[PDB]
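Starting from 1, each residue takes its place in the sequence as its number. Worth knowing before you read on, the calculation uses all heavy atoms, side chains too, and leaves out hydrogens, waters and symmetry mates.
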Amino acid sequence: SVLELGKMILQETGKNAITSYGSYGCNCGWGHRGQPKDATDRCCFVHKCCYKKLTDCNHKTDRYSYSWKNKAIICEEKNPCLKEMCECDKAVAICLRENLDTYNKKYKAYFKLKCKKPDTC
């Protein structure tokens, strides 16, 4: 759920998931859709398309088990839908971390700004 996702984003990026990423660009922002503005927003579109596969569990509110051990996120969960939910979160948190060198605080409040139509997953 979002509590595991927010914690991995903190662990990997040092950032506050709600405020730094919850209205960024065209895909990271909660509820946002559209073509990606940068690599950071691209990680978010990839993350959506990974969630879209989860039919037997809810990515927002079902909680899963994972450890942050030796600076890495390990998904220790065994219910299968929950383990893929953990793999989808782990991957966005890693991708965010890698592309932090281009985040850009101006896409940062992007709820009202413009977005071409999104590609297909």
Exercise. Can you measure from NZ (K108) to OG1 (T19) and round to the nearest 0.5 angstrom?
Key: 5.0 Å
Quiz item: Does atom CG of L113 have more than 12 heavy-atom neighbours from other groups under 6.0 Å away?
Solution: yes
Quiz item: Does the SG-to-SG distance between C28 and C43 fall under 2.5 Å?
Solution: no
Quiz prompt | Side-chain (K90) to main-chain (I73) donor-acceptor, under 3.5 angstrom | solution = yes
Exercise. Measure the CG-CG distance between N99 and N104 for me, rounded to the nearest 0.5 Å.
Key: 13.0 Å
Quiz item: Taking atom NZ of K106 as the centre, does the number of heavy atoms from other residues, nucleotides or ligands within less than 6.0 Å exceed 12?
Solution: yes
Practice problem: Taking all non-hydrogen atoms of both residues into account, name the closest pair between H32 and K48 and its distance. | Solution: O-NZ, 2.8 Å
Quiz item: Under a single-linkage definition using a 4.5 Å side-chain heavy-atom cutoff for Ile, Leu, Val, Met, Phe, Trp and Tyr, are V92 and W68 assigned to the same hydrophobic cluster?
Solution: yes
Quiz prompt | Taking every non-hydrogen atom, the tightest pair across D41 and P36 | solution = OD2-CA, 3.2 Å
Quiz prompt | Point-to-point distance, once rounded to the nearest 0.5 Å, from OG of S67 to CD of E76 | solution = 3.0 Å
Exercise. Mind checking the CD1-CD spacing from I94 to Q11? Nearest 0.5 Å is all I need.
Key: 11.5 Å
Quiz prompt | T40 vs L96 side-chain heavy atoms within contact, under 4.5 Å | solution = yes
Self-check item: Shortest non-hydrogen contact between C115 and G34, atoms and distance
Solution: CB-CA, 4.2 Å
Practice problem: State whether the side chain of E12 and the backbone N or O of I9 hold a donor-acceptor pair below 3.5 Å, judged by distance alone. | Solution: no
Quiz item: Would one find more than 12 heavy atoms of other residues, nucleotides or ligands at under 6.0 Å from atom CZ of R42?
Solution: no
Quiz prompt | Within 45° cone of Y66 ring axis and under 6.0 Å: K7 NZ or CZ | solution = no
Practice problem: Could you grab the distance from atom CD of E77 to atom CZ of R63, nearest 0.5 Å is fine? | Solution: 12.5 Å
Quiz item: Going by atom types only, do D89 and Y51 share a side-chain donor-acceptor pair under 3.5 Å?
Solution: yes
Quiz item: Do the two ring centres, one from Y110 and one from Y24, sit under 6.0 Å apart?
Solution: no
Practice problem: Could you check if a side-chain atom of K117 sits within less than 4.5 angstrom of a side-chain atom of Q35, using non-hydrogen atoms only? | Solution: no
Exercise. State yes or no: do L3 and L54 share one hydrophobic cluster built from I, L, V, M, F, W and Y residues joined by side-chain heavy-atom distances below 4.5 Å, directly or via other members?
Key: no
Self-check item: Shortest non-hydrogen separation from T13 to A93 and the atoms involved
Solution: CG2-O, 4.1 Å
Quiz item: To the nearest 0.5 Å, how far apart are SG in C86 and CG in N79?
Solution: 11.5 Å
Practice problem: Could you tell me which non-hydrogen atom of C88 sits nearest to which non-hydrogen atom of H47, and how far apart they are? | Solution: O-CD2, 3.4 Å
Exercise. May I ask you to test the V2-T61 pair for a side-chain heavy-atom distance under 4.5 Å?
Key: no
Quiz prompt | Nearest heavy atoms of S20 and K15, plus distance in Å | solution = OG-CG, 3.4 Å
